[PDB]
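Peer 1: Have a look at this one before I ask anything.
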Amino acid sequence: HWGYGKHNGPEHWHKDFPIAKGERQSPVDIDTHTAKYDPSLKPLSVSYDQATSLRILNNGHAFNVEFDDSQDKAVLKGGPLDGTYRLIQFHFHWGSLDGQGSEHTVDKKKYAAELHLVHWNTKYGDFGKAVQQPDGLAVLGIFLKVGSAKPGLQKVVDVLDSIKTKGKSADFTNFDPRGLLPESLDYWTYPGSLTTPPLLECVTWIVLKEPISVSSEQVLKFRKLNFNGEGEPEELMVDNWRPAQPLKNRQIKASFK
Ligand SMILES: NS(=O)(=O)c1c(F)c(F)c(N[C@]23C[C@H]4C[C@H](C[C@H](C4)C2)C3)c(F)c1F
Ligand SMILES: [Zn+2]
């Protein structure tokens, strides 16, 4: 039922998922000026050398590129984190126009898109158990602006025509997610939630300060995807972002400056 239109969009979610109005919801605006520098935060450790991509799926809200998370193959650790978190999937949120699309904002600025690399805490044994814990997930957010092409994203953009409608999937092996990372790993971090229903408050958010650049043609291709299934009327998959939620009683920490 939930989605991103007039009648079922983010402002409606709280009726099915009352946690929508809770104490640690995501995304948020990152006020760069009041984020607290913390010299005790560690560098983020991104170990994606052994990543195994498997498949790409249109799930009706975004597309996910999924990874084999049955061993420690692509993990995030360090940064603000105490455990090891295995990469299970990545996906993006984007706009109908280049002026919007990101979920997090930086001093109210919206980016054309936002990449989410979703990871789960190995201590809880799998993803479904991890989302029930307050430290279950670590999601690495990376902003996308439009400019030069990101060569490392092109394999993804090139397969989207094969998964146009909700429910379609395609084999997607040997995709290297290191080709989506900007140069710097400087980050902000705060405690928050999944940004889609069920909106579970299980996420340590780690948002990179440095955006990656993607070409207008790349992001144009995201916008050719569909929310609807193959049988049905065409609703373009655009503006699948939740806007910024109240920070409430939370402090955003910065690994830098
Ligand atoms: N935007 S996000 O990074 O906060 C995010 C996830 F982290 C996610 F893990 C997911 N995936 C799930 C898969 C399934 C279990 C939960 C709830 C639903 C169904 C969405 C998480 C998701 F859709 C999502 F948008
Ligand atoms: Zn997301």
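Ordered as shown in the structure tokens, chains take letters A, B, and onward, while each chain numbers its residues from 1 and ligands are numbered from 1 in the order shown.
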Going by DSSP on the backbone, which residues of stretch 5-156 of chain A come out as alpha helix (DSSP H)? List them as JSON, numbers by chain.

Peer 2: {"A": [13, 14, 15, 16, 127, 128, 129, 130, 154, 155, 156]}

Peer 1: Grab me every residue within 9 Å of ligand 2, counting only C-alpha atoms and all ligand atoms, and send it over as an MDAnalysis selection string.

Peer 2: chainID A and resid 62 90:93 103 114:118 139 141 194:196 241

Peer 1: Just write the chosen residues, C-alpha atoms, as a PDB file, in the first residue's frame.

Peer 2:
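Contents of the output file result_21.pdb:
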```
ATOM      1  CA  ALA A  62      13.713   1.283  -5.871  1.00  0.00           C
ATOM      2  CA  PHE A  90      22.612  -1.265  -2.212  1.00  0.00           C
ATOM      3  CA  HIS A  91      19.942   0.956  -3.769  1.00  0.00           C
ATOM      4  CA  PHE A  92      19.349   4.597  -4.590  1.00  0.00           C
ATOM      5  CA  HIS A  93      16.690   7.277  -4.040  1.00  0.00           C
ATOM      6  CA  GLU A 103      16.937  11.798   1.509  1.00  0.00           C
ATOM      7  CA  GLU A 114      21.506   9.228  -2.696  1.00  0.00           C
ATOM      8  CA  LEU A 115      23.136   5.758  -2.640  1.00  0.00           C
ATOM      9  CA  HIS A 116      22.525   3.512   0.352  1.00  0.00           C
ATOM     10  CA  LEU A 117      24.860   0.591   1.033  1.00  0.00           C
ATOM     11  CA  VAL A 118      23.010  -1.477   3.544  1.00  0.00           C
ATOM     12  CA  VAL A 139      23.876   2.183   6.257  1.00  0.00           C
ATOM     13  CA  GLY A 141      24.947   7.075   2.475  1.00  0.00           C
ATOM     14  CA  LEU A 194      15.146   2.747   7.779  1.00  0.00           C
ATOM     15  CA  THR A 195      13.857   5.448   5.493  1.00  0.00           C
ATOM     16  CA  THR A 196      11.120   3.205   4.065  1.00  0.00           C
ATOM     17  CA  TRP A 241      12.785   9.767  -1.279  1.00  0.00           C
TER      18      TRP A 241
END
```

Peer 1: For ligand 1, which of A:155, A:248, A:33, A:119 is the closest residue, counting only C-alpha atoms and all ligand atoms?

Peer 2: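 Of all the options, A:119 lies closest to ligand 1.
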
Peer 1: I'd like the interatomic distance between atom CA of residue A:128 and atom CA of residue A:228, to a tenth of an Å.

Peer 2: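 Here the two named atoms are 25.9 Å from each other.
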
Peer 1: Extract, using only C-alpha atoms, all DNA, RNA and protein residues at most 10 Å from residue A:146, discarding same-chain residues fewer than 6 positions from it, and format them as a list in words.

Peer 2: residues 98, 99, 111, 112, 113, 211, 212, 213, 214, 215, 216, 217, 218 and 219 of chain A

Peer 1: Could you save those same residues with N, CA, C and O atoms as an mmCIF file, in the first residue's frame?

Peer 2:
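Written file, selection.cif:
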```cif
data_model
loop_
_atom_site.group_PDB
_atom_site.id
_atom_site.type_symbol
_atom_site.label_atom_id
_atom_site.label_comp_id
_atom_site.auth_asym_id
_atom_site.auth_seq_id
_atom_site.Cartn_x
_atom_site.Cartn_y
_atom_site.Cartn_z
ATOM 1 N N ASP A 98 16.925 17.159 -11.421
ATOM 2 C CA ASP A 98 18.262 17.074 -10.768
ATOM 3 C C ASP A 98 18.286 17.850 -9.469
ATOM 4 O O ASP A 98 19.148 17.613 -8.654
ATOM 5 N N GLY A 99 17.339 18.772 -9.264
ATOM 6 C CA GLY A 99 17.343 19.581 -8.036
ATOM 7 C C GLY A 99 16.899 18.890 -6.750
ATOM 8 O O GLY A 99 16.848 19.487 -5.661
ATOM 9 N N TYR A 111 20.540 16.765 -3.045
ATOM 10 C CA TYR A 111 21.375 16.278 -4.114
ATOM 11 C C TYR A 111 20.464 15.537 -5.081
ATOM 12 O O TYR A 111 19.281 15.312 -4.762
ATOM 13 N N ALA A 112 20.983 15.211 -6.280
ATOM 14 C CA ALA A 112 20.158 14.591 -7.305
ATOM 15 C C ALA A 112 19.744 13.172 -6.922
ATOM 16 O O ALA A 112 18.693 12.657 -7.351
ATOM 17 N N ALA A 113 20.578 12.535 -6.103
ATOM 18 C CA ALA A 113 20.257 11.172 -5.702
ATOM 19 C C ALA A 113 21.088 10.847 -4.458
ATOM 20 O O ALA A 113 21.977 11.645 -4.055
ATOM 21 N N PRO A 211 30.292 14.016 -2.225
ATOM 22 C CA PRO A 211 29.381 13.406 -3.191
ATOM 23 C C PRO A 211 30.163 12.733 -4.305
ATOM 24 O O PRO A 211 31.339 13.085 -4.520
ATOM 25 N N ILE A 212 29.562 11.727 -4.974
ATOM 26 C CA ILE A 212 30.114 11.269 -6.243
ATOM 27 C C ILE A 212 29.419 12.026 -7.374
ATOM 28 O O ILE A 212 28.301 12.532 -7.205
ATOM 29 N N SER A 213 30.063 12.120 -8.539
ATOM 30 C CA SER A 213 29.352 12.738 -9.688
ATOM 31 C C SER A 213 28.872 11.697 -10.667
ATOM 32 O O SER A 213 29.564 10.727 -10.950
ATOM 33 N N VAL A 214 27.666 11.898 -11.181
ATOM 34 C CA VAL A 214 27.105 10.986 -12.176
ATOM 35 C C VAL A 214 26.638 11.869 -13.316
ATOM 36 O O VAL A 214 26.377 13.057 -13.111
ATOM 37 N N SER A 215 26.543 11.326 -14.523
ATOM 38 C CA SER A 215 26.123 12.177 -15.637
ATOM 39 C C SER A 215 24.606 12.335 -15.684
ATOM 40 O O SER A 215 23.826 11.534 -15.101
ATOM 41 N N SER A 216 24.154 13.386 -16.379
ATOM 42 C CA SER A 216 22.745 13.578 -16.555
ATOM 43 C C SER A 216 22.187 12.336 -17.194
ATOM 44 O O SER A 216 21.097 11.910 -16.789
ATOM 45 N N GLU A 217 22.915 11.712 -18.162
ATOM 46 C CA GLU A 217 22.388 10.510 -18.886
ATOM 47 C C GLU A 217 22.204 9.294 -17.967
ATOM 48 O O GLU A 217 21.220 8.531 -18.089
ATOM 49 N N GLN A 218 23.171 9.104 -17.073
ATOM 50 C CA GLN A 218 23.019 8.098 -15.992
ATOM 51 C C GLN A 218 21.759 8.263 -15.168
ATOM 52 O O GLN A 218 20.992 7.286 -15.010
ATOM 53 N N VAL A 219 21.506 9.473 -14.633
ATOM 54 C CA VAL A 219 20.372 9.645 -13.737
ATOM 55 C C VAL A 219 19.080 9.638 -14.573
ATOM 56 O O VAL A 219 18.037 9.224 -14.072
#
```

Peer 1: Using Å and a single decimal, report how far atom CA of residue A:208 sits from atom CA of residue A:81.

Peer 2: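 Between atom CA of residue A:81 and atom CA of residue A:208 the gap works out to 14.9 Å.
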